[PDB]
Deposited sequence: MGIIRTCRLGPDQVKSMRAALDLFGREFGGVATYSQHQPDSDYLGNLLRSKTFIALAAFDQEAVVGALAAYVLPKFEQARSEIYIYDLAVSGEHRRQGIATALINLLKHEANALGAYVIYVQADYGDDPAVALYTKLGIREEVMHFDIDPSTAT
């Protein structure tokens, strides 16, 4: 029960595949565990300045993970970080794991001169909504999906 948090680098594709499994198990979409990208693709993601993979380790086991994207802005020299997925092992809930990964993300943001971190949640994901409401400021917005298949 000694938890370590870190940002994965491209030497850690093995721990990254294990974070992928955590997502699949926790979101029900094992979508995450078959059809995983090959090792070069994962390595290339971990090499980018614009993708942030964070993990919490129990021993060598991955018990929490967070994937976020850095969005370098165009109107001004500044950045925003967008949390895409965040999961914690079911056997490890209510132990501060999600909060520690978010805390590490803030340290990553500060190093990047990113001025805000933001994350989105569906109506009904009450854990998610409770966590983010404790940690940040809620706004409500609309999302639209567009199919590129219809290009003309």
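In sequence order, the gaps in C-alpha coverage of the deposited chain fall at 1, 32.
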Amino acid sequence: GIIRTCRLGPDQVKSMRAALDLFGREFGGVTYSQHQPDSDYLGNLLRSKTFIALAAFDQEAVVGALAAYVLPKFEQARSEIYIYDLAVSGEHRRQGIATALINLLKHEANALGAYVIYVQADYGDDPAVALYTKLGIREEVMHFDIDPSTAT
From here on, numbers count along this sequence of modelled residues.
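Stretch comparison (11-19 versus 136-144) by mean CA B-factor in the PDB entry places 136-144 on top. In this entry, 117-125 shows the higher mean Cα temperature factor of the pair 48-56 and 117-125. Per the PDB record, 33 has a higher Cα B-factor than any other of 33, 110, 39, 95. Ranked against the other modelled residues of its chain, the C-alpha B-factor of residue 67 as given in the entry falls in the lowest third. Residue 86: CA B factor in the middle third of modelled residues in this chain (values from the PDB entry).
When all modelled residues of the chain are sorted by CA temperature factor, residue 2 is found within the highest third.
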